[PDB]
Amino acid sequence: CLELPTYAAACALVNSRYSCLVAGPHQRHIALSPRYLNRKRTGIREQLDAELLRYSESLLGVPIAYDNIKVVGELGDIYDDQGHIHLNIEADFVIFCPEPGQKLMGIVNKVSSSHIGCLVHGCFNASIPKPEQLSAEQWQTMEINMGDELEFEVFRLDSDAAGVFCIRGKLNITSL
Amino acid sequence: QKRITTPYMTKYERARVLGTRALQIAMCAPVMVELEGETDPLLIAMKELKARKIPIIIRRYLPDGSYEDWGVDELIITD
Amino acid sequence: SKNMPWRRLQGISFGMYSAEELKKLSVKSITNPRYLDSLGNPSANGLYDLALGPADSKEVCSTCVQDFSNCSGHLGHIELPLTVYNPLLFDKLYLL
Amino acid sequence: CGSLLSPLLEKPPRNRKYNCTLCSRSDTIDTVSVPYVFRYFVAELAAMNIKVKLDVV
Amino acid sequence: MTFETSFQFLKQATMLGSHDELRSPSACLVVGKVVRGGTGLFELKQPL
Amino acid sequence: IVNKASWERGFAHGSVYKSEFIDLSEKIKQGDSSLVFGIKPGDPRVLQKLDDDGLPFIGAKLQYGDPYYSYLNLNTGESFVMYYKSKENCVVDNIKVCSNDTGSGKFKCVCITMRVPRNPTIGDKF
Amino acid sequence: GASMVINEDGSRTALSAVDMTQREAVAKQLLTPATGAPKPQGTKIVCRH
Amino acid sequence: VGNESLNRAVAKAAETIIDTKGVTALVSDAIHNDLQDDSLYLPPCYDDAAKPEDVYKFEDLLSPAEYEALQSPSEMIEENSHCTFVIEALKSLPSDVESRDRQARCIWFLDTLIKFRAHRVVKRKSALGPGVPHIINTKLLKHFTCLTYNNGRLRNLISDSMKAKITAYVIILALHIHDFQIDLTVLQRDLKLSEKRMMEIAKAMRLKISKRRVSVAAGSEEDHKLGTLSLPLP
Amino acid sequence: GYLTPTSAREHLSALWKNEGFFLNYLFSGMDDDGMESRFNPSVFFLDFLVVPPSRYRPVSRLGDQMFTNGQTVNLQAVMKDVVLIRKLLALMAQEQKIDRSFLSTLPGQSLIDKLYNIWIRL
Amino acid sequence: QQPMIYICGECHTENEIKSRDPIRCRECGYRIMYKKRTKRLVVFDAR
RNA sequence: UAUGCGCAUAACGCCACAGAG
DNA sequence: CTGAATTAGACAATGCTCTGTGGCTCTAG
Ligand SMILES: [Zn+2]
Ligand SMILES: [Zn+2]
Ligand SMILES: [Zn+2]
């Protein structure tokens, strides 16, 4: 339901046997607003929350949680004519780095003729195409784990139009 | 090391200190002084310079590449 | 919105390119000497080809898909049949 | 590799990432702030096969 | 180049592989960078 | 220094007469060679602002953005209107209509002459 | 006066010379926080005379 | 000074460049002399623009009051490009209302093309108007527009090459529909274009061209016809 | 004797095979940091021009008349000559070595090799 | 209703000109014609 | 980019003369 | 039998900003 997860000691360790929630400390670059000269932690947390659920090729994945916000150096680099102060951050992330053809699990929204949207970790509205041209009788007579929970494969990943790393992967039953 | 440059703020430094600080007060940076009805960020930045309440560090680069750091609190401002 | 540049040029160097490096940079071999057809559009394989940039806001690009306001512009090359000198280096070629 | 002429946008499948055409790596591309006449300058020097290499640090 | 005979100095800079450190007042205004004299000899740092 | 009351009486008052020669062949080259000044009757872009020949009245004033002339395509029917793009309010002085050298030309060359007031202001040179 | 009001996402709301109703509606809409667009970094800019 | 020795020195490079690029690659210099006039259909194989799947069986109407309703009467200025109300005279000969012709009454596809062409480059519309045939909408958004990145989003745009492609395909349709005798100036009146465009498209149909302004005083006060091509049958 | 650019390229390549250790320091443009044969004599010659982007070469129209700028005109004057040489090398092909026309007779010659005059023109 | 009167430059005779007809004076054939000024309200300030 | 109401129209150089300070 | 100074030719530069109008930009073969 797009509910914001806490860091929750690495998101209650949702780096399970299948879903790749690898955790590693990283450095990011932050253009802090000048209204946050005091309350720098608030502005850093706000810009990191703006960074969440968006794919970063530098982080090689999609961040879902951050902790240990540490500032590198006590000097903030005000550049020439701009107002934003640029400070270099150090934080420990929990990121989501998927692959083509690998295993994931999801909690479904709908199962239509050709749209199955399964929530991966409660944030990622990952859509699944239901028919894979093997039969049209597999639409009825469920047999595709049509429950609250579902496990699936990914063939391609393309970001959504507004603030979401979308995942477009077919169901890929192991038999048939 | 010992800072071996001028204890006075030069005229080129107070222009850029007032420019940077008025650009900060142009955003919603908190004002360290009491606004007596000013609406110009330059006048507020001049009151903050006069009250020694600007925290910015001037990094005076020497022509080899070396520098030394001065706050505006530890520079001698004049008229 | 957000200031997209915060990097900064520290220096600039002038040199020449290898021809392999331009042939990687070029996106279209330009062949047709006729710029525009009868119907006004730019030609294929001409000097105003859309694999380069658009020259105005009325069209889009072929290599990227952006319009005139976001296309950087793209290099093309006229593959000469035979070798000519480089006029930048012709004096030093004469001396060598 | 220090080149304005080298970045290029991917044809869409979205993603909208750039690739250096030279070194074929998408990691090293970032924005600078130049005059537009500097871009016209580096394009017209590329027309004479003159390479302009930027030190972007 | 910005003074005179820009093509000859361009040709020499291309032959020799010349480097410009972008500290001249002309070279800072070609590439759109703040000139080192005056209010540009120094930088301002914000203490964290 | 000029006396204000002398300037308010007739001292050194002037005019400038601008003549704009409008040719529908030379400028408006769209094709078909059949453009004539005129209005499509019932056009809300020219109502009480251009005359029935698509051409302003001779007493008329011209502010910015007023309809300056109207011309209609005879083989199509579509009427176009052209707007007054100068920033100075003028008064139409005369409109002369021209033929070709034979008297066989059609209603497509015209020469509007407009009067701009230009009384002495602050900043004028004597 | 003011020629236009630049919004927080870079979109330029041009003020209308004709009706005061639009300019009253814009003047009410100044100083409001970050809207439904996810750009909270800035405030509006008024291009005043 | 040179000699015939310069002829030998240049002939060495000639015999070199004949090698490493063969004689077939040199006879292939006959490319790009007249390659193709771009952004319109090929000169042969006249079966274009109407594939045998998704033929016209979609949103059909029938009345002579529907013929009277070109201006959409009431008690809404006009809803058509009115070339269909010109071709309706030829359509009325097999049947006055809903003629099942061998042209399959595909003039509504030409109508949808003109409705798409006049609609500008900015399209919020996932479906165009009513937008009932979705495979037709797929073909339009595949062949008659150009996709474009804009701030992480995507928008289909109609470039000048695309606007010329739509117009040239409307020409190719209305030529075989109206039996090679078409009134281009009706398209000039209803679709807001210039006559330089239609004269240059007439130049673009260079093969077997002979045009004459046939009907004079055909309208109430004006003369308008051009578009005689006199081609072999499709 | 005339020295063709394809022969001067071979002369520089042999000269560079011998004396390149020294001439890499007089010409330091290509291939940064200067070790193991960085500069090369191939930049003295052009196998292709570079067409700059079309947004830097705009046509200036004013009411139903296009006007090309000078850059596109000089590139076109190269390109028409390129087409002419390519047809002439096609004519030296399949001759002393189908679908021919012999229409190209506009350059200056009294021989078959107009390649000399058309080289100097290019 | 209210024809467009044009005045010849030489003979000063009044000429009605429609859109399609060639412009020349119906009496003397002269080429320049001046538009007639008609009665219509324009407001000026006496200042 | 400008005007007008997202839509419609208009999207320039080179010479030579003349002038202002 | 070749380095030598000299002399003619080539070439590059020659203040700043601003306002207008008018002709031509592919006519000749
Ligand atoms: Zn592009
Ligand atoms: Zn690279
Ligand atoms: Zn008369």
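Chain letters run A, B, ... following the sequence lines, proteins first, then strands; residues in each count from 1.
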Next item on the list: Taking all heavy atoms of D:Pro35 and all of E:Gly32, pick out the closest pair and write down the distance.
Entry: CD-N, 3.7 Å

Checklist line | Outcome for L:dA13 when its sugar is typed by the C1'-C2'-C3'-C4' torsion | finding: north

Pairwise N/O distances under 3.5 Å, protein to nucleotides 3-6 of chain K:
unit_1	atom_1	unit_2	atom_2	d
K:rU3	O2'	F:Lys85	NZ	3.0

Checklist line | Same-atom distance (P) from K:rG6 to K:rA2, integer angstrom | finding: 14 Å

Next item on the list: Round to the nearest Å and state the distance from I:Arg55 atom CZ to K:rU1 atom P.
Entry: 13 Å

Item checked: Geometric stacking, L:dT21 and L:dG22, six-membered rings, under 5.5 angstrom and under 30 degrees -> yes

Next item on the list: Fit a plane to each ring of D:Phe41 and C:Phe14, take the angle between them on a 0 to 90° scale, and name the class: parallel (under 30°), tilted (30 to 60°) or perpendicular (over 60°).
Entry: perpendicular

Item checked: Chi-angle category of L:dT19 [syn within 90° of 0, anti beyond] -> anti

Item checked: Over all atoms of both residues, closest heavy-atom pair of H:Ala118 and H:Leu191 -> CB-CD1, 4.0 Å

Note to self: Treating C:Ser62 as the side-chain partner and C:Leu50 as the backbone partner, does any N or O pair qualify as donor plus acceptor under 3.5 Å?
What the structure shows: yes

Next item on the list: With sequence neighbours excluded, tell me which residues meet side chain to side chain donor-acceptor pair (under 3.5 Å) with E:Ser24.
Entry: none

Check: Which heavy atom in I:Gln76 sits nearest to a heavy atom in C:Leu47, and how many Å separate them?
Finding: N-CD1, 3.7 Å

Next item on the list: Quick one: look at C1'-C2'-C3'-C4' in L:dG23 and give me north (positive) or south (negative).
Entry: south

Check: Which sugar class, north or south, is indicated for L:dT7 by the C1'-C2'-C3'-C4' dihedral?
Finding: south

Next item on the list: State, to 0.1 Å, how close C:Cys61 and C:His74 come at their nearest heavy-atom pair, and which atoms those are.
Entry: SG-CD2, 3.8 Å

Note to self: Rounded to whole Å, how long is the line connecting atom NZ of H:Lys192 with atom P of K:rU9?
What the structure shows: 10 Å

Next item on the list: Quickly work out the I:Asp64 CG to K:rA11 P distance and round it to whole Å.
Entry: 10 Å

Notebook entry, point to check: Within a reach of under 6.0 Å around CZ of F:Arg45, are more than 12 heavy atoms found that belong to other residues, nucleotides or ligands?
Noted result: yes

Margin query: Just so I know, are the side chains of I:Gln71 and D:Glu44 near enough to count as touching, which here means a heavy-atom distance under 4.5 Å?
Written below: yes

Checklist line | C1' spacing across the pair K:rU1 / K:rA11, given as an integer number of angstrom | finding: 7 Å

Next item on the list: Return yes if a side-chain donor-acceptor contact under 3.5 Å exists between F:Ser15 and F:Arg115, otherwise no.
Entry: no

Check: H:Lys163 versus C:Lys58: any side-chain heavy-atom pair under 4.5 Å?
Finding: no

Item checked: Within 6.0 angstrom of F:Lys85 NZ, more than 12 heavy atoms from elsewhere -> yes

Note to self: Rounding to an integer number of angstrom, what distance separates L:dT25 and K:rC14 when you compare their P atoms?
What the structure shows: 16 Å

Next item on the list: Any chance you could list the contact pattern along nucleotides 14-29 of chain L? Use B for base contacts, S for sugar-phosphate-only contacts and - for none, protein heavy atoms under 4.0 Å, 5' to 3'.
Entry: -----------B----

Next item on the list: Let me know, please, whether H:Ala118 or C:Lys58 comes out on the 5' side of the other along RNA chain K by nearest nucleotide.
Entry: H:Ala118

Margin query: Whole angstroms only, please: what is the CG-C1' distance between I:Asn69 and K:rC12?
Written below: 11 Å

Check: Is I:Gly63 touching bases, backbone alone, or none of the nucleic acid, heavy atoms closer than 4.0 Å?
Finding: sugar-phosphate

Show me the protein contacts with nucleotides 14-20 of chain K, counting only N or O atoms at under 3.5 Å.
unit_1	atom_1	unit_2	atom_2	d
K:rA20	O3'	F:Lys125	NZ	3.1

Note to self: North (positive) or south (negative) by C1'-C2'-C3'-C4': which describes L:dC24?
What the structure shows: south

Notebook entry, point to check: Centres of the six-membered rings under 5.5 angstrom apart and planes under 30 degrees: does that hold for L:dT25 and L:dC26?
Noted result: no

Margin query: Looking at C:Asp37 and C:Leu39, would you say the former's side chain and the latter's main chain have a donor-acceptor pair under 3.5 Å?
Written below: no

Margin query: Just so I know, are the side chains of F:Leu24 and F:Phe80 near enough to count as touching, which here means a heavy-atom distance under 4.5 Å?
Written below: no

Check: Roughly how many Å is it from CZ in E:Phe3 to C1' in L:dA12, rounded to a whole number?
Finding: 11 Å

Notebook entry, point to check: Paired with K:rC7: which nucleotide, if any, by Watson-Crick or G-U wobble criteria at under 3.5 Å for both distances?
Noted result: K:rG4

Check: Atom CG of F:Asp43 to atom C1' of K:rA8: distance rounded to whole Å?
Finding: 14 Å

Checklist line | Atom pair distance, as rounded to whole Å: NZ in F:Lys27 and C1' in K:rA10 | finding: 13 Å

Check: Counting heavy atoms not belonging to G:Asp19, are there more than 12 under 6.0 Å from its CG?
Finding: yes

Margin query: Using the side chain to side chain donor-acceptor pair (under 3.5 Å) criterion, which residues pair with I:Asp81? Sequence neighbours excluded.
Written below: none

Check: Mind checking the P distance from K:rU3 to K:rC12? Whole angstroms is fine.
Finding: 16 Å

Item checked: Sign-based sugar class (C1'-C2'-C3'-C4') of L:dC16 -> north

Checklist line | For atom CG of C:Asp56 and atom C1' of K:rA2, their distance in whole Å | finding: 17 Å

Check: Starting at the 5' end of DNA chain L, what dot-bracket string do you get if Watson-Crick and G-U pairs under 3.5 Å are bracketed, crossing pairs use [ ], other-strand pairs use | and unpaired bases use dots?
Finding: ...............|||||||||.....

